[PDB]
Amino acid sequence: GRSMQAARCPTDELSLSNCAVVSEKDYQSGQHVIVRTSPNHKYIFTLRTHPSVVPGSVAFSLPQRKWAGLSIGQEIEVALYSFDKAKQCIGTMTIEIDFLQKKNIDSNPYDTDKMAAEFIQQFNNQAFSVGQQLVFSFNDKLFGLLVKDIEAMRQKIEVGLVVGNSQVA
Amino acid sequence: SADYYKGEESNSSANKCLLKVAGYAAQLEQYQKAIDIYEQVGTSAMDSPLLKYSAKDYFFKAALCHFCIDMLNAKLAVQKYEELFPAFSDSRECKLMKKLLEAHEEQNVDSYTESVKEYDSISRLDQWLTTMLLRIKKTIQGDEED
Amino acid sequence: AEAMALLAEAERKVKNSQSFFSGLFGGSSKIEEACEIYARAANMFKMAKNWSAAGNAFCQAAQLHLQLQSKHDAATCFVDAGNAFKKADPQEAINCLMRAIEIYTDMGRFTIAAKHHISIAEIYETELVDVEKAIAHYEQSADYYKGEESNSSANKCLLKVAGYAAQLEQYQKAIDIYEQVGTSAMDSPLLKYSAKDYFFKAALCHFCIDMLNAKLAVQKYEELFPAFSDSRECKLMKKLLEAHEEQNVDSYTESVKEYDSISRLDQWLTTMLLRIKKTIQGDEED
Amino acid sequence: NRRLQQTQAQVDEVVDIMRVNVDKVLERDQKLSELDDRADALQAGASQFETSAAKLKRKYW
Amino acid sequence: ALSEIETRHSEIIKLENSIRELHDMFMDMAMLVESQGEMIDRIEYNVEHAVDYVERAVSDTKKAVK
Amino acid sequence: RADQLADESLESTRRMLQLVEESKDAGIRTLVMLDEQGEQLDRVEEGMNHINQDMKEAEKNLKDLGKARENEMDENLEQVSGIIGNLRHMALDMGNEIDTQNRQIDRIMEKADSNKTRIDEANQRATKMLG
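Residues numbered from 1 in each chain as written, not as in the entry; some residues may be left out. Chains lettered and ligands numbered in written order. Part of a larger assembly, values for the part shown. Heavy atoms only, no water. Residues with missing side-chain atoms left out of burial classes, pairs and counts.

Header annotation of the entry names cryo-EM as the structure determination method and lists the resolution as 8.4 Å.

Per the PDB entry, chain F carries the name Synaptosomal-associated protein 25 and comes from Rattus norvegicus. The title given to this PDB entry is "Structure of 20S supercomplex determined by single particle cryoelectron microscopy (State IIIa)".

As named in the PDB entry, chain A is Vesicle-fusing ATPase, taken from Cricetulus griseus.

As structure tokens, this is what we get:
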């Protein structure tokens, strides 16, 4: 891979997509990579170019930086990763949801059926790992998802790739 | 000006001006440069055990001033602060701060807005504090639909 | 308007005129001209924050002023230079001050001499970290203050002397000072309430005496029960005197923990209390 | 009991004492502040007199 | 009796309150008086010294007429 | 809450001491100086008077040459009370020192000015007979 430099997420829009924002002079939207912080810390994200990212640097959101334990201005190695649509195809992934910001906690009901519908309509063809932390934009409301288990189309995998026909619980 | 005072041995006056500098510096977005000024004026105040007395408020202001850091610059600044619970002066500086840091480092916006309502009792909140506190109350919300 | 230029002209004029240039009348005015030069230089050196240069410059104008026969306004310059070097980066700060005091002192100006004497003992402590020399100055200076019927200032210095004297090792020599500053404090009903802490310190200071110097010093103190100022002084002391006379480093360290509630302890007290804590532990596994 | 509801004013009265104590001292600050600009400026003119009187000495004496 | 115990607290706090602020004043006080103390240390200096400048002038003038 | 107030406020009464005690400490430094300075201004005033004299002579020369919880909660109050008296002690020493010096400043400002004029007039008559 090529030595990159961690940065901050451009806009909030890409901060709710849970995707590593990069430049159009390095990678292209649709590709996957594996960030390396140390010999015993490997993570996988999804790229999403933006006319703001500087060549030779990858920007991460607040949640991601907390999960992967990244810092603003540290050296990291990024290498292209190719998924295997033969074992990493997600079909049943259990997620642990909870109010991201304890600032706005309510007791109102939230239809799950509508969630799983908008979940795949926004997080399709992306990489999700077990124990990963992200943000979910549901009805202008922010949440904090936490993958607990992933099942392919039953073998439980560590990392998978959500597709169109992917069920979510 | 504070530089000139600081060369005339007149410590008091020097700090008097520095307070103005940082004070209006944080009200102009220069939050970090402010905490730094508070650190300097805080170090050049302990040398005089007759200033130990005002040396609190500085830590409170500095801990309040935030340059949008993601670490615990404030949780660290409040730590550097030496305090003893039975003490009083001190209870008018960090005690509140801790509660504010928890309401911020924990992403909750009721406990912060209510703690600022409680502290406003034992210690009246001046103009400055108010303005900044609201800015933090908004960093919370701003962090909210973010 | 260039300092570097002035420093040169001054030199060119500061020198006992020779040959025809001298004639009969000396250069008592020339030396003064040079002083004015260096002063102007030190001046712009102070606006430039070149401090070092400012101070050394004042030193020049000052020394020359001495060569003119005007100790007063000279010494004044020595002070200016001291204020420069202090808030500067080089040294000389201590030298200028000593050179200032020798003048205020032999000129007939002890008031101001002591004013700078305490400044000296303050720098030789907060900078040079030379406690033994600082105490010597705080003392000799308090003598002058006490002479200018400035009891107030005198004690301000004595407190320093004893205070750091208990920190070094001089616990006895500390209590003696507390006794003197205590006797010469009651003559002023404006220090009655403060006269407590004195007895507290003096009773805390121990020169490894076996008798009851403290149990006696606490008795010399006049207290009742409906007094609340006194509550922060001997009442605690007695409890400490009993915890020491019973080799119980658990009752002493507990009482200090309780008293630290109604009256927050300071660095000084802490250090000494721990010293007494060790004398006790040091008496137990003993 | 009653002492509590009572002693309350035993300080509210002092809160007023200092209110004046803080003002009294501050009033002196300005009186000494101006005196600092007229007294120091005074000797400043004396310096002009010291130089003038010194020269009248090297000519008529 | 509760009523007296609750009313007690009400008056106690209203008391506790007024107290804390009076303490706030002295803090600022010690910071003012001291800031003024240094403003006088220079006065005493400029005064007794001005006496030297004037004394040297009045002396030279006298020895300039006799 | 009931007990969290009868004791917390009780801690405030205990603290109410150091609060009014730290005030004395702050008052001492003030008084100690007000007294020290009082004597200083005496030697300072001598300056305005010393110059007032010399200038008169200097002017003449320039003219001649020119031609049980509640039981304690009740006790703490008594403690504050005993200290309140002290606050009066300093309040008076501070007061009597303030009024006595303010009027002193008046005399100082007067003579200082009076002499300033003599210096200016003399400086306008001397500067001409320069060199």
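Structure shown, so let's carry the discussion forward.
Residues and elements named next belong to chain B. The N-to-C vectors of helix α4 (residues 57-64) and helix α8 (residues 127-142) enclose an angle of 30°; their axes lie 10 Å apart at closest approach. Here the hand of the crossing between α4 and α8 comes out left-handed. For the pair formed by α4 and α8, the contact residues are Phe60, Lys61 and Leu64 on the first element and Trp128, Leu129, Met132, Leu133 and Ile136 on the second. Counted by class, the contact of α4 with α8 contains seven nonpolar, no polar and one charged residues. (Axes fitted to C-alpha atoms, helices over the stretch in contact; angles between N-to-C directions. Helix = DSSP H or I, 4+ residues; strand = E, 2+ residues; numbered from the N terminus. Left-handed = near helix turned anticlockwise from the far one by under 90°. Contact = heavy atoms within 4.5 Å. Nonpolar A, V, L, I, M, F, W, Y, C, P; charged D, E, K, R; others polar.)

Facing the 26 residues of chain D at the interface are 30 residues of chain F. No other element matches helix α2 (residues 14-55) of chain D, which puts 18 residues into the side of chain D that touches chain F. Across the side of chain D that touches chain F, the residue classes break down as 13 nonpolar, six polar and seven charged.

For the rest of this paragraph, the subject is empty space enclosed by the protein. The space that makes up the largest cavity amounts to roughly 120 Å³. As for the largest cavity, its lining consists of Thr111, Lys115, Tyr145, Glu148, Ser150 and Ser153 of chain C, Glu44 of chain E together with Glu36, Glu39, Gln40 and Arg43 of chain F. Looking at the lining of the largest cavity, the elements that each hand over two or more residues are α7 (110-126) of chain C together with α2 (8-64) of chain F. By residue number, the principal contributor to the lining of the largest cavity is α2 of chain F, which donates four residues. In terms of residue class, the lining of the largest cavity is made up of one nonpolar, four polar and six charged. (1 Å grid on protein atoms, 1.4 Å probe; cavity = no way out; pocket = protein on both sides within 12 Å on 5 of 7 lines; lining within 4 Å. Points joined across faces, edges and corners; volume = space filled by probe spheres on them.)

Together, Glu148 and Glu149 of chain C together with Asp42 and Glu46 of chain F give the surface a local cluster of negative charge. Assessed through its relative accessible area of 33%, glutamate 148 of chain C is described here as partly exposed. (Patch = residues over 30% accessible without salt bridge, like charges linked within 9 Å, V, L, I, M, F, W, Y side chains within 5 Å. Areas by Shrake-Rupley, 256 points an atom, 1.4 Å probe, with all protein chains shown as cover. Salt bridge = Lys/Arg side-chain N within 4 Å of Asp/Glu carboxyl O. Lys, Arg positive; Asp, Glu negative; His and termini not counted. Charge placed at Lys NZ, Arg CZ, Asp CG, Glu CD. Buried < 20%, exposed > 50% of the residue type's maximum accessible area, 1.4 Å probe, protein only.)

Before going further, it helps to examine the side chain of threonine 111 of chain C. Note on placement: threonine 111 of chain C falls in helix α7. Residue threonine 111 of chain C is classed as buried on the basis of its relative accessible area, which comes to 16%. Dropping the residues within four chain positions of it, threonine 111 of chain C is found in contact with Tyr145 and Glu148 of chain C, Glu48 of chain E together with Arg43 of chain F.

Bringing the packing of aromatic side chains into the picture now. Residue and element names in this part refer to chain A. For the structure shown, the criterion picks out 21 aromatic pairs over all chains. Between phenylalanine 119 and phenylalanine 128, the aromatic rings sit 5.9 Å apart at their centres with planes inclined by 70°, giving edge-to-face as the arrangement. Taken as a pair, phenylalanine 119 and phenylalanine 128 share a single burial class, namely buried. Through a chain of ring-to-ring contacts, the aromatic side chains of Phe99, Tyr110, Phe119, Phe123, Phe128, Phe136, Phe138 and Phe143 assemble into a single cluster. (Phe/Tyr/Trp six-rings, centres within 6.5 Å; stacked < 30°, edge-to-face > 60°.)

The next subject is the nonpolar core. All names here are of chain C. Counting 41 residues, the largest nonpolar core has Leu204 and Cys205 as its most contacted members. Where this core is concerned, the elements lending two or more residues are α8 (131-147), α9 (151-168), α10 (172-183), α11 (195-204), α12 (213-220), α13 (234-244), α14 (252-262) and α15 (267-284). Apart from the residues lying within four places of it in its own chain, the contact partners of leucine 204 are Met237, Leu240, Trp268, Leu269, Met272, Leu273 and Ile276. (Core = buried A, V, L, I, M, F, W, Y, C linked by side-chain atoms within 4.5 Å.)

The next thing to look at is the interface of chain D and chain E. On the chain E side, the residues contacting the 30 residues of chain D number 26 residues. If you tally residues by element for the side of chain D that touches chain E, the top one is α2 of chain D, at 19 residues. In the side of chain D that touches chain E, the residues fall into 16 nonpolar, six polar and eight charged.

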